[PDB]
Number of protein chains: 4
Amino acid sequence: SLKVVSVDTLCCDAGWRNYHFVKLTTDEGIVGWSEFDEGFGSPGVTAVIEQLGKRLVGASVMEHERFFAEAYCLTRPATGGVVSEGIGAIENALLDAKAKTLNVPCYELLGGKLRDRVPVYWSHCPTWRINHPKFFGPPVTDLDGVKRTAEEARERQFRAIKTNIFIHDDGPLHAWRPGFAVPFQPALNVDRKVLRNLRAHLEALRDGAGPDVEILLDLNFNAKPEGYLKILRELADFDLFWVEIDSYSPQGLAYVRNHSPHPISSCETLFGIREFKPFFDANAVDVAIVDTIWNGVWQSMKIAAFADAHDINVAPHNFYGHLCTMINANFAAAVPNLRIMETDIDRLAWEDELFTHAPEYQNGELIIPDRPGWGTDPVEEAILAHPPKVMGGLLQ
Amino acid sequence: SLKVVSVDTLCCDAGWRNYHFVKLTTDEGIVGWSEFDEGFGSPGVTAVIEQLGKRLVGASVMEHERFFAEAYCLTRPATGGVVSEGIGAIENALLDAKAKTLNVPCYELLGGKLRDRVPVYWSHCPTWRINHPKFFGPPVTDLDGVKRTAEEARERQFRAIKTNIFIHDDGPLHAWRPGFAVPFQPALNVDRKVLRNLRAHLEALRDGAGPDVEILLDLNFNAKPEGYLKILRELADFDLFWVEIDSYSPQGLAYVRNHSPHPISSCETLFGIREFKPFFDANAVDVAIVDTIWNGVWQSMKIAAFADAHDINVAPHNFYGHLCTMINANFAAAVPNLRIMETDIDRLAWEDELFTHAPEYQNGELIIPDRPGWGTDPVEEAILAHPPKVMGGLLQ
Amino acid sequence: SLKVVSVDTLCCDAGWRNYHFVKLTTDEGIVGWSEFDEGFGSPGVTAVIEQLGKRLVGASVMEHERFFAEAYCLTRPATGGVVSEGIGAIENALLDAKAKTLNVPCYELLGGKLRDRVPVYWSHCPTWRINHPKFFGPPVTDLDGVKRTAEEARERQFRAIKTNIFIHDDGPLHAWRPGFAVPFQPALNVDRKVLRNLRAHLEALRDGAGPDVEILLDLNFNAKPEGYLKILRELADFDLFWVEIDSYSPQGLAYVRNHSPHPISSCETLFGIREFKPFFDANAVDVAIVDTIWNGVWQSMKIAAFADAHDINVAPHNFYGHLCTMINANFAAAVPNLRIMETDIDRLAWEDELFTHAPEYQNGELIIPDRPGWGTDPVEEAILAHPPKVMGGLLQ
Amino acid sequence: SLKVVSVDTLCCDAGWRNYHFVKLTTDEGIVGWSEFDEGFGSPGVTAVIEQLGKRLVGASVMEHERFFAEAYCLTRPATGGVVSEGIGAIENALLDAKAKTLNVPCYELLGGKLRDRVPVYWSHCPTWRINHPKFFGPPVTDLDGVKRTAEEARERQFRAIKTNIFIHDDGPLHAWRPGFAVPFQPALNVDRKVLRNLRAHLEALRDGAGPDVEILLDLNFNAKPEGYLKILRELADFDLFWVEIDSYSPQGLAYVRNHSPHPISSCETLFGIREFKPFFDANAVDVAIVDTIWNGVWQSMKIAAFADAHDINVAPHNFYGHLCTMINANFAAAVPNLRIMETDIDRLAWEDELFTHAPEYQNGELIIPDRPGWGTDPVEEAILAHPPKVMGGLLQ
Ligand SMILES: [Cl-]
Ligand SMILES: [Cl-]
Ligand SMILES: [Cl-]
Ligand SMILES: [Cl-]
Ligand SMILES: [Cl-]
Ligand SMILES: [Cl-]
Ligand SMILES: [Cl-]
Ligand SMILES: [Cl-]
Ligand SMILES: [Mg+2]
Ligand SMILES: [Mg+2]
Ligand SMILES: [Mg+2]
Ligand SMILES: [Mg+2]
Ligand SMILES: [Mg+2]
Ligand SMILES: [Mg+2]
Ligand SMILES: [Mg+2]
Ligand SMILES: [Mg+2]
């Protein structure tokens with residue numbers, strides 16, 4: 001019949017956060033999967049999915065843009081954010097199911113592949129070993145550990161690594177994340193302490209990385225334009241692949257970029273061409289980060305094409321489980337204007353148990369798989385062996 | 001202690017949709033309430049509230065902007081929409097509790113009152129009698145019914161009424177709501193059928209209203225700029241108080257307004273100064289509609305002040321239960337640049353059972369009450385006597 | 001009755017200028033106070049207050065925004081400047097009275113507090129010891145004195161200090177203030193003499209401050225854009241927390257900022273969202289200085305929210321007596337987007353006599369008090385023991 | 001010596017407001033006069049003048065731009081409004097004294113005259129007979145009176161007349177001035193009542209005026225852009241010389257003008273090229289009204305030249321006593337780009353007692369006099385025979 005028979009959500013432990021999944025079944029017995037997230041400031045996604053999936057049962061699995069168009073109508077007043085995340089999760093499960101029904105990898109739905117491998121950067125490096133050492137080891141607790149982590153990235157043939165903001169000289173090594181209320185300092189002022197610790201951290205990272213490995217810096221939402229300018233001035237003489245700055249002020253981000261000696265990336269939290277547009281119109285970014293897990297991969301192709309017309313290259317936002325990596329891998333395979341792909345190389349001790357297939361890396365690149373669908377399936381029995389905790393992520 | 005002890009949510013039947021409430025209790029035994037909504041495209045609000053309320057327990061009931069600042073940080077990546085609705089609901093319960101603790105009406109927190117009564121328009125008139133006749137009677141099923149409803153508004157001393165788009169000459173009278181997928185025609189094209197039915201409907205309404213009662217027209221998201229222009233051209237010779245058009249294109253809405261012979265209102269779905277700004281910068285609106293139930297009343301005061309500096313008057317978005325009306329009444333009491341207040345005069349047969357106090361109208365105005373807090377409390381036993389159904393509203 | 005019974009003004013000696021106060025009494029016997037200023041280019045404020053206070057008697061002390069709305073109407077043609085200062089002074093006395101009536105600190109009216117302490121900078125350092133040495137000692141008369149003053153700030157645990165423009169090598173040490181006609185050189189040209197003296201002064205200040213204490217530079221209205229650019233170029237290699245530039249040319253100030261290697265602050269003389277708007281639209285400032293004594297604290301909350309939407313942090317303009325400090329402290333307690341707070345640490349020998357309570361500093365921060373109202377009251381008998389002189393300030 | 005020996009202010013009764021004067025005496029015994037106003041929203045002007053005049057004593061009477069430059073410096077932070085009015089009043093007394101010293105009319109200082117007579121409009125017609133009938137008769141209390149007043153203007157050979165907004169059908173004839181809080185309705189909404197009364201009033205005025213006399217409409221600050229558009233739409237088919245709209249929103253006023261079928265005038269409350277500039281840049285006005293009493297005539301020549309470069313003609317704001325008329329007459333004599341001159345033809349019963357010379361009109365034009373100085377002097381004994389009341393005007 002090609003009809004959708006069921007849409008369910010599943011959830012499992014990912015240590016300091018949970019992973020979530022959409023499981024969509026068709027009348028032919030094909031199962032389409034996606035992975036989504038609530039911990040990154042996004043309570044409510046499951047509720048959105050459970051409501052929207054009710055309307056989808058009985059509809060054609062093949063008609064994903066019809067579903068999107070309908071869903072957009074039904075939730076139009078509160079579009080974006082958690083609503084749009086729910087829509088994107090369902091879209092990604094629909095794509096998997098459609099690809100599987102047609103016996104093709106998902107990139108065959110997205111224009112075909114135009115590359116077989118994708119260069120990555122090792123993200124949250126050494127952020128995961130510093131911030132979640134119970135889950136990702138060896139723990140990093142000092143500048144020597146920072147250096148050693150970069151040395152490890154170099155030895156393992158990774159070509160780039162991305163860090164965040166860390167305070168080294170005020171007690172135990174800790175992250176500086178005031179944009180997410182750790183600590184609660186909602187003005188997000190940047191003081192000397194922040195600047196000298198950024199410098200110390202990056203110098204240690206460069207010492208370990210050597211001169212060839214690229215270093216990316218993510219500042220998230222942790223300052224105002226004033227403070228971002230202060231950081232960029234301070235770090236004017238560093239060799240940075242990009243400095244990543246999230247902002248809801250296209251004019252402010254454009255001002256910062258205009259005064260930056262480094263490439264600026266942004267946009268990981270934005271939805272649709274509509275939200276990217278003011279940033280591109282303002283010349284606000286060198287690189288547009290696109291969250292295809294949030295937007296849905298079909299919607300993300302639209303965003304990539306929009307960026308292409310502005311001669312802006314895109315990078316997937318990818319810092320979740322293996323299924324998200326494979327979803328992003330398919331997007332990265334199809335998009336011409338691809339900057340690089342993000343991936344976390346630090347993995348949970350049970351990550352591989354949760355999925356049928358793991359991403360394969362060789363010489364600093366992700367190999368794009370050629371199996372029907374995204375390239376990996378969550379394993380239901382494994383999910384049940386790792387029951388979820390209450391919401392973590394930013395809401396820990 | 002002035003600490004928040006608990007944050008709970010409650011839900012009850014409102015016929016074709018549910019009402020939702022936040023119940024916040026302090027260490028002193030004061031209870032602060034707000035009303036919120038999920039049916040207007042907003043699945044997930046309850047989940048957001050339940051997560052955010054966990055962080056609020058143990059904090060001061062007096063420190064509402066602290067809570068807002070913290071909440072904004074914790075959900076920054078997925079801000080707006082359902083996340084921001086959850087934050088606004090909690091804010092409104094905090095305000096009620098703080099006012100009650102200080103033994104004052106909520107307007108005493110908002111600058112004091114500057115008026116004792118607020119002119120209203122009777123909204124969803126005759127929309128509720130056409131679209132939900134099982135709940136709001138007498139049913140309206142033809143043009144004569146449309147005329148009679150306007151006559152009733154005139155007799156009852158209402159000074160203004162607001163209708164939507166109705167098809168009268170293609171079978172049983174029915175609403176035209178393609179922007180919300182009823183029917184599913186996602187291009188939102190406007191054809192002759194729409195135009196002639198708008199004309200027929202508005203002529204009947206004017207016939208009943210007489211020449212003094214003002215007629216407002218809400219087009220919601222039911223066209224593209226092209227179609228909005230077609231509608232405004234067609235209705236060029238009508239006397240309309242405003243034409244209300246929701247759009248996520250400030251440039252498109254500005255183009256429409258520039259070519260409109262009628263005042264244009266918009267913005268009921270927008271969050272914060274940030275989202276209103278592009279519209280004001282573009283000269284897109286005569287009147288800014290502010291949803292204080294969604295934004296929170298404190299945040300809405302910021303938006304009202306922003307509008308004031310642009311010499312734009314604001315109107316509350318108010319089409320829910322009595323508590324929402326009283327929340328909006330307090331906002332309307334304090335804001336200098338107030339255009340008018342929306343209210344639905346058609347009420348459910350059990351509306352008055354659900355709340356301790358009902359809004360009072362006299363000579364077409366809402367009387368602003370002077371009780372501690374918002375002016376009415378949901379009644380817990382009554383809520384339990386009207387158990388909720390599954391989600392309705394747009395998601396019916 | 002909650003009615004205002006009387007509005008009076010009082011005035012006392014502050015050495016080289018006078019302090020002024022609004023005293024508002026209610027029917028319940030509550031007294032609300034504010035402090036205002038005439039010496040900073042503002043003859044006439046008292047006359048404005050005395051006229052506007054006549055209309056206020058008999059009105060509710062609780063309805064401060066009603067009073068503001070009415071006052072704005074009555075003085076609309078000559079709004080801003082001295083008129084708006086009079087309105088702001090009355091607003092601040094109303095707020096004090098309302099807070100006292102409700103038995104809460106003024107920050108309880110402003111959203112609640114979100115911080116308990118506020119970092120400050122020691123302003124007019126060493127400006128007060130150079131320019132008014134009869135009142136603030138020890139006198140500073142040479143570069144060694146400049147260095148020693150910065151050393152004192154460091155020892156006393158202040159984290160930042162702010163100086164102005166001084167000429168050291170042309171006779172007795174003297175201020176360069178041509179923008180205020182000392183000397184009268186109304187072109188405001190910047191020559192070598194100015195540049196080399198700025199350098200000499202700042203080098204001495206840095207020598208005393210050490211590398212951790214932040215140095216702020218205030219240029220007031222003492223140049224044109226051309227000259228501001230010359231100064232910023234000259235000082236390109238200094239580590240400055242901000243350079244403060246007052247301008248009535250948003251396009252000119254924006255040009256300067258675009259070419260500045262230092263953060264730019266401005267706006268201390270501006271009134272309302274309306275006046276700040278062109279500067280924010282032009283990207284003219286890193287930091288917005290808000291004079292809440294001039295604007296009124298309620299109006300200033302509107303300005304702070306406007307700045308927040310532009311991701312601009314604000315700093316109070318505070319260089320008067322203890323009551324102004326406490327007024328600003330309450331604003332600073334409530335505003336999320338707070339850059340820092342200005343305060344003069346050099347005090348008159350009789351400052352503490354004039355007020356019931358003095359501001360308390362610890363480890364470079366101002367402690368926010370928790371008494372009803374602003375946190376301090378002028379003392380009537382002390383005011384009479386220090387009779388005012390003719391107008392001083394800029395009009396000396 | 002050519003030194004200024006004294007600067008004094010005088011004040012006398014003008015019925016519902018006072019007139020004020022600056023009296024400046026030189027060492028040679030020449031007396032220069034100006035007239036200024038406080039009632040039009042401007043408490044404090046006298047205080048400003050008394051402070052600034054202290055600095056002027058001992059300076060050259062010939063150096064008026066030196067005084068202006070110095071005064072601007074000394075009051076720079078609170079410039080505009082009442083401060084700038086004080087400066088303008090002194091400037092106008094300086095000009096009179098300088099002209100008298102050189103034995104020439106003031107227009108000889110302003111480029112020489114380029115016309116001998118100036119067409120006027122009869123302003124506040126029938127506004128003064130309606131609003132201040134105790135002082136200006138015969139009283140106007142109905143539509144027939146409105147018609148008769150216009151007939152009188154026609155018979156007396158006036159070519160143009162200007163009215164305001166009046167409510168005729170809700171009790172005794174009364175002005176609609178919500179922008180100045182009469183009545184207090186601070187949203188400034190425009191309803192049917194306003195529109196139908198504007199129409200009725202203007203139809204009566206046109207009936208009396210005949211087809212040749214021009215009719216001007218002043219809306220002051222009595223609406224928001226929304227309401228101004230509503231008024232202009234309603235009055236689309238009237239033949240109006242201009243519609244006068246005061247606004248502090250250049251973008252809003254420009255929007256209104258863009259949609260106006262009538263010429264738009266504004267700017268009567270603005271100070272200096274700086275304040276006019278945003279309006280001209282926005283294409284906001286057909287005609288710029290310049291208050292030379294407020295700005296000073298020398299400053300006003302700068303504004304007129306600025307307007308000239310934009311191909312905008314200017315009109316003096318003139319609705320005070322005979323000295324203001326003569327001050328404006330001299331400006332009007334010298335400015336090439338002169339639209340028309342405002343004057344009130346309704347005069348107080350004692351107006352002529354107060355001044356040595358009265359303005360002379362012939363065939364609808366003001367004759368420019370050729371006496372040294374402005375053309376009339378206040379009479380000190382007459383001033384003392386008409387002692388002032390408390391402040392009236394808007395502050396009544
Ligand atoms: Cl989580
Ligand atoms: Cl902070
Ligand atoms: Cl619902
Ligand atoms: Cl369609
Ligand atoms: Cl002073
Ligand atoms: Cl000079
Ligand atoms: Cl007066
Ligand atoms: Cl109003
Ligand atoms: Mg968004
Ligand atoms: Mg990132
Ligand atoms: Mg949005
Ligand atoms: Mg609507
Ligand atoms: Mg100004
Ligand atoms: Mg300053
Ligand atoms: Mg101004
Ligand atoms: Mg006028």
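Convention: sequence-line order gives letters A, B, ...; per-chain numbering from 1. For the numbers below, each heavy atom of this structure counts, side chains included, while hydrogens, waters and symmetry mates do not.
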(request) Please determine, among B:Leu94, B:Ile273, B:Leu95, the option with the most heavy-atom pairs under 4.5 Å with chain C. (result) B:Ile273
Sequence neighbours excluded and cut-off under 3.5 Å, please list the side-chain donor-acceptor pairs for residues 102-111 of chain B, or say none.
unit_1, atom_1, unit_2, atom_2, d
B:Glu108, OE1, C:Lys98, NZ, 2.9

(request) Sequence neighbours left out, what pairs pass salt bridge (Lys or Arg N to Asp or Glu O under 4.0 Å) with at least one residue falling in residues 80-89 of chain C? (result) none
(message) Treating B:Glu28 as the side-chain partner and B:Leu2 as the backbone partner, does any N or O pair qualify as donor plus acceptor under 3.5 Å?
(response) yes
(request) Under 4.5 Å heavy-atom distance to chain B, tell me which part of C:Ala334 shows up: side chain, backbone, both or neither. (result) backbone
(request) Return the option, out of B:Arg115, B:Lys302, B:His310, B:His64, with the maximum number of heavy-atom pairs under 4.5 Å with chain C. (result) B:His64
(message) Taking C:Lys3's backbone N and O only, do any of them form a donor-acceptor pair with C:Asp27's side chain (distance below 3.5 Å, no angle check)?
(response) no
